[PDB]
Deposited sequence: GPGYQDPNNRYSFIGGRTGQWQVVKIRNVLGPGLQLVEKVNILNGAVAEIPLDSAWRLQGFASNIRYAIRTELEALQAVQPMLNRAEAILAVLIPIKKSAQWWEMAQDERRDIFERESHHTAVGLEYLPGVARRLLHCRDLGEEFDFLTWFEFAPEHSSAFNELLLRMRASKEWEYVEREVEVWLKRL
């Protein structure tokens, strides 16, 4: 099933460490997040989809180093819902690819954080959700500082001038 739901509330596989309401309306602090592969204070949902930007040589680079989810060591996670602006979504494909990679170097920068950080990308604009993306990251604690670095590098990029809502939900695996 390609649908995932993230329930913030009193039960789940993940303990909430902190929530940082980076930009726009936040998410209510809760005890735990329950993650369901299918369709409480809030529910987020999104789907796994096909590649939108990455080119073949980028995928090869990613495939050579990216880790799998569910490593025994990867006891920390971060769920980061993201919303991009109307101006982003009205751009053509070349315009969006150019900002994503040529200007902002998204994949190249993220590659610097592999193999330490595992990730999953979910899409949800097309479900009518209040966010556009649910991004998921997991890693061992030794990579927390580097992941915090990466977040600030991304926020400095051209791509991020089109981000209108962002929240960080920091989790620890129970």
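Undergrad: So which bits of the deposited chain never got modelled?
TA: Holes in the chain trace, numbered from 1: 1-7, 47-53.
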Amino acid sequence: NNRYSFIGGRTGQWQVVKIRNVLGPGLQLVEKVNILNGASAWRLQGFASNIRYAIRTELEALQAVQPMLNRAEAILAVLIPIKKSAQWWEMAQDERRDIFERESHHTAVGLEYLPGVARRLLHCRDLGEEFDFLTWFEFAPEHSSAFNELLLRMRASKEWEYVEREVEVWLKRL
From here on, numbers count along this sequence of modelled residues.
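Undergrad: Can you check if, in at least a third of the other PDB entries compared, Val33 has no modelled coordinates?
TA: No, none of the compared structures omit it.
Undergrad: Which is higher on mean Cα B factor in this entry, 4-12 or 163-171?
TA: Stretch with the greater average CA B-factor: 4-12.
Undergrad: State which stretch shows the higher mean Cα B factor in the entry: 139-147 or 44-52.
TA: It is 139-147 that shows the higher mean C-alpha B-factor.
Undergrad: Where does the C-alpha B-factor of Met68 rank in its chain, lowest, middle or highest third?
TA: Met68: CA B-factor falls in the middle third of its chain.
Undergrad: By its CA B factor, does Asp94 count among the lowest, middle or highest third of the modelled residues in the chain?
TA: Lowest third.
Undergrad: Lowest, middle or highest third of the chain for the C-alpha temperature factor of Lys18?
TA: Ranked within chain, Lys18 CA B lands in the middle tercile.
Undergrad: Going by the entry, which third of its chain does the Cα temperature factor of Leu122 land in?
TA: Lowest third of the chain for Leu122's C-alpha B-factor.
Undergrad: For the chain shown, is the CA B-factor of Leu36 in the lowest, middle or highest third of its modelled residues?
TA: Its C-alpha B-factor belongs to the highest third of this chain's values.
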